[PDB]
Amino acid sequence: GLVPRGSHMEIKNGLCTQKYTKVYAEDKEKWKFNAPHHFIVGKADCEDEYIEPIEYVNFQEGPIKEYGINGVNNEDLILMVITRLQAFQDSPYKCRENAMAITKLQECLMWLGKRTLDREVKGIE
């Protein structure tokens, strides 16, 4: 149950621990409209040759009236993480770090939403 890596590009961050999982995106050659759109979360034990897919995440690619609805938005994933962290706060695992994180995520959503509202005033959205 593996699949070849190929030119799938591994997303390494300084803030990755990459202890359990690794994140990949499509080859930078295939980025449409300035950004990657097709991510894979796989298991880290894997050799660089292959990826052990745990999950596939595909973002909205292309204009909506033209290619339909074919993926998720950033806001959706952030909302998922916020929901889970709020659940964790309602448990014995409540802690100040999760609270800080939730605040940071809500402020993130605020700033992206500010981008859309500003365009709306000009009608561009």
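Residue indices: 1-based, along the sequence shown.
Taking the PDB entry as given, 47-55 carries the higher mean Cα B factor of the two stretches 47-55 and 88-96.
As the entry records it, the average C-alpha temperature factor is higher for 59-67, out of 59-67 and 25-33. Per the PDB record, residue ranking by Cα B-factor puts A101 in the lowest third of the chain.
In the deposited entry, the Cα temperature factor of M9 sits in the middle third of values across the chain's modelled residues.
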